[PDB]
Every structure is written in C-alpha cells, then in structure tokens.
$ cat query_16.tsv   # TSV, C-alpha atoms and all ligand atoms
chain	number	residue	atom	x	y	z
A	1	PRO	CA	150.17	65.76	144.03
A	2	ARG	CA	149.57	65.21	147.73
A	3	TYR	CA	146.20	65.10	149.42
A	4	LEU	CA	145.83	68.31	151.47
A	5	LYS	CA	143.04	70.22	153.23
A	6	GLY	CA	141.03	73.33	152.75
A	7	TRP	CA	140.97	75.65	149.72
A	8	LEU	CA	144.43	74.36	148.79
A	9	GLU	CA	143.08	70.86	148.19
A	10	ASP	CA	140.15	72.38	146.19
A	11	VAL	CA	142.76	74.11	144.04
A	12	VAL	CA	144.79	70.89	143.69
A	13	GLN	CA	141.64	69.08	142.49
A	14	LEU	CA	140.86	71.89	140.04
A	15	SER	CA	144.39	71.67	138.67
A	16	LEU	CA	144.17	67.90	138.33
A	17	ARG	CA	141.25	68.19	135.94
A	18	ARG	CA	142.17	71.40	134.17
A	19	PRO	CA	141.98	70.81	130.45
A	20	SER	CA	145.02	71.41	128.34
A	21	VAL	CA	144.88	74.33	125.99
A	22	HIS	CA	144.85	74.76	122.28
A	23	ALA	CA	147.48	77.42	121.69
A	24	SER	CA	150.90	78.01	120.36
A	25	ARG	CA	153.49	80.64	121.53
A	26	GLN	CA	154.65	83.67	119.43
A	27	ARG	CA	158.20	84.22	120.55
A	28	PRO	CA	161.06	82.27	122.08
A	29	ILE	CA	161.51	81.83	125.79
A	30	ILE	CA	163.25	84.76	127.49
A	31	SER	CA	164.95	83.13	130.43
A	32	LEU	CA	163.94	84.59	133.78
A	33	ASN	CA	166.69	83.10	135.99
A	34	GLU	CA	169.34	84.07	133.42
A	35	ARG	CA	167.98	87.61	133.14
A	36	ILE	CA	168.21	87.92	136.94
A	37	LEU	CA	171.84	86.84	136.81
A	38	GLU	CA	172.47	89.42	134.07
A	39	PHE	CA	170.85	92.15	136.14
A	40	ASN	CA	173.04	91.14	139.10
A	41	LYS	CA	176.21	91.45	137.00
A	42	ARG	CA	175.07	94.84	135.72
A	43	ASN	CA	174.06	96.11	139.13
A	44	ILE	CA	170.42	96.59	138.16
A	45	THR	CA	167.97	95.93	141.01
A	46	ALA	CA	165.95	92.91	139.90
A	47	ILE	CA	162.26	93.08	140.76
A	48	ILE	CA	159.62	90.54	139.74
A	49	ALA	CA	156.28	92.38	139.69
A	50	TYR	CA	153.68	90.05	141.17
A	51	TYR	CA	150.17	90.26	139.70
A	52	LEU	CA	146.98	88.68	140.92
A	53	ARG	CA	143.38	89.75	140.46
A	54	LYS	CA	141.99	88.14	143.73
A	55	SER	CA	143.35	85.87	146.52
A	56	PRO	CA	141.89	83.57	149.17
A	57	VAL	CA	143.49	97.20	144.32
A	58	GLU	CA	142.30	95.17	141.34
A	59	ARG	CA	144.21	96.18	138.21
A	60	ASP	CA	143.91	95.61	134.45
A	61	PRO	CA	146.49	92.89	133.94
A	62	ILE	CA	147.56	94.05	130.51
A	63	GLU	CA	148.00	97.66	131.64
A	64	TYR	CA	149.93	96.49	134.72
A	65	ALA	CA	152.18	94.36	132.58
A	66	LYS	CA	152.89	97.21	130.20
A	67	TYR	CA	153.52	99.59	133.11
A	68	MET	CA	156.06	97.25	134.67
A	69	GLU	CA	157.77	96.17	131.42
A	70	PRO	CA	160.39	99.00	131.36
A	71	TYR	CA	161.54	98.38	134.91
A	72	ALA	CA	160.89	94.80	136.07
A	73	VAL	CA	163.17	91.79	135.63
A	74	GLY	CA	160.05	89.69	135.10
A	75	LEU	CA	156.33	89.40	135.78
A	76	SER	CA	154.46	86.81	137.85
A	77	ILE	CA	150.97	86.18	136.50
A	78	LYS	CA	148.55	84.13	138.64
A	79	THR	CA	146.57	81.72	136.37
A	80	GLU	CA	144.63	79.80	139.02
A	81	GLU	CA	140.96	80.40	138.20
A	82	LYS	CA	138.63	80.03	141.18
A	83	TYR	CA	140.43	81.75	144.02
A	84	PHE	CA	142.72	84.12	142.11
A	85	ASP	CA	140.50	84.98	139.09
A	86	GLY	CA	143.37	84.05	136.78
A	87	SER	CA	143.11	82.92	133.16
A	88	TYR	CA	145.08	81.29	130.47
A	89	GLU	CA	143.80	83.89	128.01
A	90	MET	CA	145.18	86.75	130.10
A	91	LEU	CA	148.52	84.97	130.34
A	92	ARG	CA	148.50	84.57	126.57
A	93	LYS	CA	147.81	88.19	125.87
A	94	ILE	CA	150.32	89.44	128.45
A	95	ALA	CA	152.98	87.19	126.97
A	96	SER	CA	152.33	88.42	123.46
A	97	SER	CA	152.35	92.12	124.48
A	98	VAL	CA	155.48	92.50	126.61
A	99	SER	CA	159.04	91.30	125.92
A	100	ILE	CA	160.22	90.55	129.46
A	101	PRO	CA	160.07	87.16	131.14
A	102	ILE	CA	156.70	85.86	132.29
A	103	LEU	CA	156.31	83.40	135.23
A	104	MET	CA	153.12	81.34	135.07
A	105	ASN	CA	152.13	81.32	138.73
A	106	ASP	CA	149.68	78.47	139.45
A	107	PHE	CA	149.36	75.19	141.30
A	108	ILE	CA	150.99	72.71	138.89
A	109	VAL	CA	150.24	69.06	139.53
A	110	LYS	CA	150.58	67.50	136.06
A	111	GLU	CA	152.67	67.83	132.96
A	112	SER	CA	149.94	69.20	130.74
A	113	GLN	CA	149.90	72.42	132.79
A	114	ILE	CA	153.59	72.89	131.86
A	115	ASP	CA	152.64	72.27	128.20
A	116	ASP	CA	149.98	74.92	128.70
A	117	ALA	CA	152.47	77.43	130.07
A	118	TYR	CA	154.86	76.91	127.12
A	119	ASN	CA	152.06	77.07	124.55
A	120	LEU	CA	150.64	80.26	126.11
A	121	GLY	CA	153.96	82.08	125.92
A	122	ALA	CA	155.22	81.85	129.53
A	123	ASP	CA	158.92	81.77	130.07
A	124	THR	CA	158.86	79.61	133.18
A	125	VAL	CA	156.53	78.05	135.72
A	126	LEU	CA	156.15	77.90	139.49
A	127	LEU	CA	156.42	74.49	141.23
A	128	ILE	CA	155.37	74.16	144.88
A	129	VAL	CA	157.10	71.67	147.17
A	130	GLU	CA	154.19	71.65	149.68
A	131	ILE	CA	151.66	70.18	147.24
A	132	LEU	CA	153.91	67.55	145.63
A	133	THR	CA	155.89	64.52	146.68
A	134	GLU	CA	159.62	64.56	146.01
A	135	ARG	CA	159.23	62.17	143.05
A	136	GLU	CA	156.56	64.34	141.48
A	137	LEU	CA	158.58	67.52	142.04
A	138	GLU	CA	161.61	65.90	140.39
A	139	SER	CA	159.60	64.73	137.40
A	140	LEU	CA	157.94	68.16	136.88
A	141	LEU	CA	161.30	69.89	137.36
A	142	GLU	CA	162.93	67.83	134.61
A	143	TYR	CA	159.81	68.23	132.41
A	144	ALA	CA	159.96	72.01	132.59
A	145	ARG	CA	163.70	72.05	132.00
A	146	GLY	CA	163.27	70.01	128.87
A	147	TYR	CA	161.33	72.83	127.30
A	148	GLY	CA	164.03	75.36	128.25
A	149	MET	CA	162.15	76.65	131.34
A	150	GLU	CA	164.13	76.57	134.67
A	151	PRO	CA	161.16	76.43	137.05
A	152	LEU	CA	160.87	78.60	140.16
A	153	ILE	CA	160.56	76.34	143.18
A	154	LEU	CA	158.43	77.65	146.05
A	155	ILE	CA	159.59	76.93	149.57
A	156	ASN	CA	157.76	77.73	152.83
A	157	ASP	CA	160.02	76.07	155.38
A	158	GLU	CA	163.28	74.22	155.87
A	159	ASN	CA	161.83	70.82	154.86
A	160	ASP	CA	160.76	72.35	151.57
A	161	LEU	CA	164.25	73.81	151.03
A	162	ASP	CA	165.86	70.48	151.69
A	163	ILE	CA	163.57	68.68	149.19
A	164	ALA	CA	164.31	71.39	146.59
A	165	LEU	CA	168.05	70.99	147.00
A	166	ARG	CA	167.74	67.15	147.04
A	167	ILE	CA	166.31	67.26	143.52
A	168	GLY	CA	168.74	69.82	142.21
A	169	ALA	CA	166.60	72.99	142.08
A	170	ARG	CA	168.50	75.98	140.63
A	171	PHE	CA	165.88	78.72	141.11
A	172	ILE	CA	163.97	79.14	144.41
A	173	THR	CA	161.35	81.52	145.68
A	174	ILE	CA	161.14	81.90	149.45
A	175	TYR	CA	157.49	82.50	150.26
A	176	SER	CA	157.70	81.30	153.88
A	177	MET	CA	153.94	81.46	153.65
A	178	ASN	CA	151.13	79.90	155.60
A	179	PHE	CA	148.70	79.22	152.78
A	180	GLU	CA	145.80	79.18	155.26
A	181	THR	CA	146.35	82.85	156.15
A	182	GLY	CA	148.53	84.20	153.31
A	183	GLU	CA	151.15	85.20	156.09
A	184	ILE	CA	154.69	85.67	155.07
A	185	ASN	CA	156.99	84.73	157.99
A	186	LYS	CA	159.70	87.29	157.41
A	187	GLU	CA	161.90	85.87	160.17
A	188	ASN	CA	161.86	82.38	158.70
A	189	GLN	CA	162.38	83.83	155.24
A	190	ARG	CA	165.67	85.37	156.24
A	191	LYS	CA	166.77	82.10	157.89
A	192	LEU	CA	165.98	80.10	154.76
A	193	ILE	CA	167.78	82.56	152.42
A	194	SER	CA	170.93	81.97	154.47
A	195	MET	CA	170.73	78.21	153.85
A	196	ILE	CA	170.50	78.38	150.05
A	197	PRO	CA	173.71	77.78	148.04
A	198	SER	CA	175.20	80.78	146.25
A	199	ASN	CA	174.70	79.27	142.75
A	200	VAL	CA	170.91	78.87	143.24
A	201	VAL	CA	169.07	82.03	142.15
A	202	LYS	CA	166.98	83.01	145.19
A	203	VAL	CA	163.92	85.25	145.28
A	204	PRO	CA	161.95	86.19	148.46
A	205	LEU	CA	158.33	87.20	148.17
A	206	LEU	CA	157.63	90.54	149.87
A	207	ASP	CA	154.21	92.18	150.30
A	208	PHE	CA	155.80	95.41	151.50
A	209	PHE	CA	159.45	96.41	151.83
A	210	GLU	CA	161.25	98.51	154.42
A	211	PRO	CA	163.76	101.22	153.61
A	212	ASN	CA	166.83	99.18	154.21
A	213	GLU	CA	165.43	95.71	153.82
A	214	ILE	CA	166.19	95.31	150.18
A	215	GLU	CA	169.82	96.22	150.82
A	216	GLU	CA	170.03	93.91	153.86
A	217	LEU	CA	168.52	90.95	151.96
A	218	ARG	CA	170.94	91.63	149.02
A	219	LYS	CA	173.72	91.39	151.56
A	220	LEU	CA	172.32	87.91	152.46
A	221	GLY	CA	172.76	86.80	148.79
A	222	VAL	CA	169.30	87.53	147.39
A	223	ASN	CA	169.27	87.77	143.62
A	224	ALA	CA	165.85	89.28	142.94
A	225	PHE	CA	162.76	90.39	144.86
A	226	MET	CA	159.19	89.39	143.99
A	227	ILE	CA	156.94	92.14	145.30
A	228	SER	CA	153.15	91.87	145.55
A	229	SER	CA	150.89	94.20	147.54
A	230	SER	CA	153.08	97.29	147.50
A	231	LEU	CA	153.29	97.33	143.73
A	232	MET	CA	149.63	96.67	143.25
A	233	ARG	CA	148.70	99.49	145.45
A	234	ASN	CA	151.50	101.78	144.22
A	235	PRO	CA	152.92	100.60	140.93
A	236	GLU	CA	155.13	103.70	140.75
A	237	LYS	CA	157.34	102.28	143.56
A	238	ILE	CA	159.02	100.07	140.99
A	239	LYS	CA	160.59	103.24	139.56
A	240	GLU	CA	162.21	104.11	142.88
A	241	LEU	CA	163.48	100.57	143.25
A	242	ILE	CA	165.29	100.53	139.93
A	243	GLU	CA	166.25	104.20	139.81
A	301	LIG	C1	151.17	80.47	144.85
A	301	LIG	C2	150.27	81.69	144.70
A	301	LIG	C3	149.93	82.27	146.02
A	301	LIG	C4	149.50	83.58	146.49
A	301	LIG	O1	149.84	84.61	145.86
A	301	LIG	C5	148.64	83.72	147.61
A	301	LIG	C6	148.14	85.04	147.79
A	301	LIG	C7	147.26	85.33	148.86
A	301	LIG	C8	146.92	84.28	149.71
A	301	LIG	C9	146.05	84.65	150.74
A	301	LIG	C10	145.68	83.62	151.63
A	301	LIG	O2	144.82	84.00	152.63
A	301	LIG	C11	143.90	83.02	153.03
A	301	LIG	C12	146.16	82.31	151.48
A	301	LIG	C13	147.05	82.02	150.40
A	301	LIG	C14	147.42	83.03	149.52
A	301	LIG	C15	148.30	82.68	148.47

$ encode --input "query_16.tsv" --output "structure tokens" --more "lines below"
Ligand SMILES: C/C=C/C(=O)c1ccc2cc(OC)ccc2c1
Amino acid sequence: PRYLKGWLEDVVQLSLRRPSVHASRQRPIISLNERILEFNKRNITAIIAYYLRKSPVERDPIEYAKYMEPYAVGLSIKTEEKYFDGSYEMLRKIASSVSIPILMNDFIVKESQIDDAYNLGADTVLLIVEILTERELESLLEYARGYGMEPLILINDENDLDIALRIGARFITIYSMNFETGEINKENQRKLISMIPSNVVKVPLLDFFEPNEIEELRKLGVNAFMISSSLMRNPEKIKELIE
C-alpha cells in the first residue's frame, strides 16, 4: 500500500498485519457484477444494501442481511475491525445465511485478505485506488479475478478513475469521498459517472437519495446504487426502491 496519514494509515497498518483466517466457504461464488447486469436487463432496480456497525442506528448484521435478501442485488459488509466494528466471523455467518452476493468491504493491502474473503464466503472484494499504487492495484485486481471475484474498485476523484481504467477495471464504485470527513461530493460523483465507459459496471455510493435522483443517475448510465445511511435508518425504503 501507500503511506498515508490519520486513521486511514492506522487502518492500512492494521490490514498489513491482519492474520489470515482458517475457514472454508460453503457455496459457490454468486457474481455481484453479473447479477447487476441481469437486473439491468430485467428492469429490476439494483440496490446494494450497505452495512456497517460503526464508522470514523446500529443493527444486527444477520437480521439486516436477512431483511435485505429478498430485495437487494447484493450486500456490502464492512469487515474492518477497529473503526467499523467489523468481523470476519460476521461476514462468514452472513455469507452462509443469505443467497445473494456479498461484497467484503475492507481496506485490502495484501493478497491474504482476498484469500480470507473467498474462504469466508464473500462473492467479491472492494479495492481502493487511494491506498494503493497502480502496480499493487493491478496485482490485487488480477488476484481477485483468479478466484472468480471481479473486484469493486473504489474511486474518489478523476485521478482514481484514470488509474482504474489504466489497469482494466470492469466494476467501479464512485464514492467521491473525503475519508477525513466521510463527505460524499455528489457533484463530483455525477462528473465521474459520466467519464466511465458503458461496459464498466458503475455504482455510486449514496447516503440518502432524492425523489428523482435515482432516475437521473440511471439516465447517466448507472447500473446499481449502493445505499448506506438511509437504509440503516429505514430499511423498509428498499421495498419502495424495488417495488
Ligand atoms: C471503505 C469503507 C468506508 C466507509 O463506509 C466510511 C464510512 C464513514 C466514514 C466516516 C468518516 O468520517 C470521519 C470517514 C470515512 C468514512 C468511511
């Protein structure tokens, strides 16, 4: 990884030394990017329900996963420990108790964390341009693919987009986030969406969504929407979205 500052470097250092787990998965991968493409063809609104317990309305992660299973295209499960109160064991039990795709959402800096995700039952992993060099991102990209997991590449700005496309990313999440504040820059997010090629599956992160926003973003080529705060506070809004 890079050498950063602040809590993000603390997290990078935690990831560097995180021990690899002793586990094996219980079902095949269920491809998240492919399921999004299927939902698009079938005209089903594709929502990734984003779960965290803490960050820099706390919910039971199992119960949340089961609640979202009938409606969501996938689940994002935060497995970073110190700042997000994530666990590998919670990932494992979520992945063995729902049959929709699971994104392991963490700060991946080494291959053994990808091994961990596969062995715990995740269907894909997040990779973050900001914390990696291009060479590192390319090597982790190809590592994840090898398992059958098209990773979701996180971009926060145009430089990040350009690195992602330079290494052949096929699945991108547009956070447009300042990790120091947890801000999503909605203006920059729209700009970045408009720069992504049509054959890359593209997923903005939204805390809250406006009436018309989902429709407007779909008109910009968005394939799925990863929604955090609104669904944690009001999980029932996923019904409205799909129905
Ligand atoms: C890649 C996983 C990231 C997040 O879900 C996430 C959530 C809340 C955050 C709040 C912050 O405020 C200081 C900073 C980063 C944050 C990152």

$ residues_around --input "query_16.tsv" --residues "stretch 217-226 of chain A" --least-positions-apart "6" --cutoff "9 Å" --atoms "only C-alpha atoms" --output "list in words"
residues 36, 37, 39, 40, 45, 46, 47, 48, 49, 50, 73, 74, 75, 76, 173, 190, 193, 194, 196, 198, 201, 202, 203, 204, 205, 206 and 207 of chain A

$ residues_around --input "query_16.tsv" --residues "residue A:118" --least-positions-apart "3" --cutoff "12 Å" --atoms "all atoms listed in the file" --output "number ranges by chain"
A: 20-30, 88, 91-92, 95, 102-104, 111-115, 121-125, 143-151

$ closest_residue --input "query_16.tsv" --among "A:171, A:71, A:208, A:7" --to "ligand LIG 301 (chain A)" --atoms "all atoms listed in the file"
A:7

$ closest_atom_pairs --input "query_16.tsv" --of "chain A" --to "ligand LIG 301 (chain A)" --cutoff "12 Å" --atoms "all atoms listed in the file" --output "JSON lines"
{"residue": "A:6", "atom": "CA", "partner": "A:LIG301", "partner_atom": "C11", "distance": 10.1}
{"residue": "A:7", "atom": "CA", "partner": "A:LIG301", "partner_atom": "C11", "distance": 8.6}
{"residue": "A:8", "atom": "CA", "partner": "A:LIG301", "partner_atom": "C13", "distance": 8.3}
{"residue": "A:11", "atom": "CA", "partner": "A:LIG301", "partner_atom": "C1", "distance": 10.6}
{"residue": "A:12", "atom": "CA", "partner": "A:LIG301", "partner_atom": "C1", "distance": 11.6}
{"residue": "A:49", "atom": "CA", "partner": "A:LIG301", "partner_atom": "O1", "distance": 11.8}
{"residue": "A:50", "atom": "CA", "partner": "A:LIG301", "partner_atom": "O1", "distance": 8.1}
{"residue": "A:51", "atom": "CA", "partner": "A:LIG301", "partner_atom": "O1", "distance": 8.4}
{"residue": "A:52", "atom": "CA", "partner": "A:LIG301", "partner_atom": "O1", "distance": 7.0}
{"residue": "A:53", "atom": "CA", "partner": "A:LIG301", "partner_atom": "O1", "distance": 9.9}
{"residue": "A:54", "atom": "CA", "partner": "A:LIG301", "partner_atom": "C7", "distance": 7.9}
{"residue": "A:55", "atom": "CA", "partner": "A:LIG301", "partner_atom": "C7", "distance": 4.6}
{"residue": "A:56", "atom": "CA", "partner": "A:LIG301", "partner_atom": "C11", "distance": 4.4}
{"residue": "A:76", "atom": "CA", "partner": "A:LIG301", "partner_atom": "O1", "distance": 9.5}
{"residue": "A:77", "atom": "CA", "partner": "A:LIG301", "partner_atom": "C2", "distance": 9.4}
{"residue": "A:78", "atom": "CA", "partner": "A:LIG301", "partner_atom": "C2", "distance": 6.8}
{"residue": "A:79", "atom": "CA", "partner": "A:LIG301", "partner_atom": "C2", "distance": 9.1}
{"residue": "A:80", "atom": "CA", "partner": "A:LIG301", "partner_atom": "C2", "distance": 8.2}
{"residue": "A:81", "atom": "CA", "partner": "A:LIG301", "partner_atom": "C2", "distance": 11.4}
{"residue": "A:83", "atom": "CA", "partner": "A:LIG301", "partner_atom": "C14", "distance": 9.0}
{"residue": "A:84", "atom": "CA", "partner": "A:LIG301", "partner_atom": "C6", "distance": 7.9}
{"residue": "A:85", "atom": "CA", "partner": "A:LIG301", "partner_atom": "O1", "distance": 11.5}
{"residue": "A:86", "atom": "CA", "partner": "A:LIG301", "partner_atom": "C2", "distance": 10.8}
{"residue": "A:103", "atom": "CA", "partner": "A:LIG301", "partner_atom": "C1", "distance": 11.3}
{"residue": "A:104", "atom": "CA", "partner": "A:LIG301", "partner_atom": "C1", "distance": 10.0}
{"residue": "A:105", "atom": "CA", "partner": "A:LIG301", "partner_atom": "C1", "distance": 6.3}
{"residue": "A:106", "atom": "CA", "partner": "A:LIG301", "partner_atom": "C1", "distance": 5.9}
{"residue": "A:107", "atom": "CA", "partner": "A:LIG301", "partner_atom": "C1", "distance": 6.6}
{"residue": "A:108", "atom": "CA", "partner": "A:LIG301", "partner_atom": "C1", "distance": 9.8}
{"residue": "A:125", "atom": "CA", "partner": "A:LIG301", "partner_atom": "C1", "distance": 10.9}
{"residue": "A:126", "atom": "CA", "partner": "A:LIG301", "partner_atom": "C1", "distance": 7.8}
{"residue": "A:127", "atom": "CA", "partner": "A:LIG301", "partner_atom": "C1", "distance": 8.7}
{"residue": "A:128", "atom": "CA", "partner": "A:LIG301", "partner_atom": "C1", "distance": 7.6}
{"residue": "A:129", "atom": "CA", "partner": "A:LIG301", "partner_atom": "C1", "distance": 10.9}
{"residue": "A:130", "atom": "CA", "partner": "A:LIG301", "partner_atom": "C1", "distance": 10.5}
{"residue": "A:131", "atom": "CA", "partner": "A:LIG301", "partner_atom": "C1", "distance": 10.6}
{"residue": "A:152", "atom": "CA", "partner": "A:LIG301", "partner_atom": "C1", "distance": 10.9}
{"residue": "A:153", "atom": "CA", "partner": "A:LIG301", "partner_atom": "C1", "distance": 10.4}
{"residue": "A:154", "atom": "CA", "partner": "A:LIG301", "partner_atom": "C1", "distance": 7.9}
{"residue": "A:155", "atom": "CA", "partner": "A:LIG301", "partner_atom": "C1", "distance": 10.3}
{"residue": "A:156", "atom": "CA", "partner": "A:LIG301", "partner_atom": "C1", "distance": 10.7}
{"residue": "A:173", "atom": "CA", "partner": "A:LIG301", "partner_atom": "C1", "distance": 10.3}
{"residue": "A:174", "atom": "CA", "partner": "A:LIG301", "partner_atom": "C1", "distance": 11.1}
{"residue": "A:175", "atom": "CA", "partner": "A:LIG301", "partner_atom": "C1", "distance": 8.6}
{"residue": "A:176", "atom": "CA", "partner": "A:LIG301", "partner_atom": "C15", "distance": 10.9}
{"residue": "A:177", "atom": "CA", "partner": "A:LIG301", "partner_atom": "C13", "distance": 7.6}
{"residue": "A:178", "atom": "CA", "partner": "A:LIG301", "partner_atom": "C12", "distance": 6.9}
{"residue": "A:179", "atom": "CA", "partner": "A:LIG301", "partner_atom": "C13", "distance": 4.0}
{"residue": "A:180", "atom": "CA", "partner": "A:LIG301", "partner_atom": "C11", "distance": 4.8}
{"residue": "A:181", "atom": "CA", "partner": "A:LIG301", "partner_atom": "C11", "distance": 4.0}
{"residue": "A:182", "atom": "CA", "partner": "A:LIG301", "partner_atom": "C10", "distance": 3.4}
{"residue": "A:183", "atom": "CA", "partner": "A:LIG301", "partner_atom": "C10", "distance": 7.2}
{"residue": "A:184", "atom": "CA", "partner": "A:LIG301", "partner_atom": "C14", "distance": 9.5}
{"residue": "A:205", "atom": "CA", "partner": "A:LIG301", "partner_atom": "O1", "distance": 9.2}
{"residue": "A:206", "atom": "CA", "partner": "A:LIG301", "partner_atom": "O1", "distance": 10.6}
{"residue": "A:207", "atom": "CA", "partner": "A:LIG301", "partner_atom": "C6", "distance": 9.7}
{"residue": "A:226", "atom": "CA", "partner": "A:LIG301", "partner_atom": "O1", "distance": 10.7}
{"residue": "A:227", "atom": "CA", "partner": "A:LIG301", "partner_atom": "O1", "distance": 10.4}
{"residue": "A:228", "atom": "CA", "partner": "A:LIG301", "partner_atom": "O1", "distance": 8.0}
{"residue": "A:229", "atom": "CA", "partner": "A:LIG301", "partner_atom": "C6", "distance": 9.6}

$ atom_distance --input "query_16.tsv" --atom1 "atom CA of residue A:67" --atom2 "atom CA of residue A:232"
11.2 Å

$ atom_distance --input "query_16.tsv" --atom1 "atom CA of residue A:90" --atom2 "atom CA of residue A:4"
28.2 Å

$ closest_residue --input "query_16.tsv" --among "A:158, A:9, A:120, A:163" --to "residue A:136" --atoms "all atoms listed in the file"
A:163

$ atom_distance --input "query_16.tsv" --atom1 "atom CA of residue A:65" --atom2 "atom CA of residue A:234"
13.8 Å

$ closest_residue --input "query_16.tsv" --among "A:192, A:44, A:98, A:117" --to "residue A:69" --atoms "all atoms listed in the file"
A:98

$ residues_around --input "query_16.tsv" --residues "residue A:1" --least-positions-apart "2" --cutoff "7 Å" --atoms "only C-alpha atoms" --output "VMD selection string"
chain A and resid 3 109 131 to 133

$ closest_residue --input "query_16.tsv" --among "A:93, A:186, A:135, A:233" --to "residue A:119" --atoms "all atoms listed in the file"
A:93

$ axis_aligned_box --input "query_16.tsv" --around "stretch 178-184 of chain A" --padding-each-side "4 Å" --output "JSON"
{"center_x": 150.2, "center_y": 82.4, "center_z": 154.5, "size_x": 16.9, "size_y": 14.5, "size_z": 11.4}
